[PDB]
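Shown next, in structure tokens, is the structure this report addresses.
Protein chains: 2
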Amino acid sequence: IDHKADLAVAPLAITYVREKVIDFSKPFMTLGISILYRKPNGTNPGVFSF
Amino acid sequence: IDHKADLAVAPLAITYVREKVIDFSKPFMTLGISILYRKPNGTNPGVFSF
Ligand SMILES: *[C@@H]1O[C@H](CO)[C@@H](O)[C@H](O)[C@H]1NC(C)=O
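Sequence lines, in order, name chains C and W.
For the record, in the first sequence the residue sitting at position 43 is 548 according to UniProt numbering, with numbers rising by one throughout.
For the record, in the second sequence the residue sitting at position 47 is 552 according to UniProt numbering, with numbers rising by one throughout.
In structure tokens, the structure reads:
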């Protein structure tokens, strides 16, 4: 909003409050909230499972 | 570009060449190319099946 620089090449989410005053370019990447989970580790088999 | 119309909400890509002559907005959804294929059915074979 002041003037010490006119570029900021860093992940800076494009949002309404950040768009009211700042001016943004086209998005060069896409984001999104997604879950994370311990994958199925394995069968964990006991040979005496019979 | 003739100004005979105004805001035109419809499918319209944000490609480079189109942006050269007209202005755009921030996209209201994002999409790409994806594989379309038939659901598996399961008319399973002979010998192998048993
Ligand atoms: C399952 O049934 C449909 C309708 O007969 C058929 O088109 C398809 O080939 C069968 N199997 C597969 C590969 O989905």
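Note that beta-carbon positions come from the ideal geometry of N, C-alpha and C, so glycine has one too.
Check whether the Cβ of residue i sits closer than 7 Å to any heavy atom of ligand 1, and report yes or no.
i	result
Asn546 (chain W)	yes
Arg543 (chain C)	no
Whose Cβ in chain W lies nearer than 8 Å to the Cβ of residue i?
i	result
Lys525 (chain C)	Correct list: empty, because the minimum Cβ distance to chain W is about 13 Å.
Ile519 (chain C)	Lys531
Quick one: which chain C residues come within Cβ less than 9 Å of residue i?
i	result
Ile538 (chain W)	Those do not exist, as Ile538 (chain W) stays about 14 Å from chain C at its closest Cβ, beyond 9 Å.
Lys509 (chain W)	None at all; the shortest Cβ gap to chain C is about 26 Å.
Anything in chain W within Cβ reach of residue i, meaning under 7 Å, just list it in chain order.
i	result
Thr535 (chain C)	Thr535
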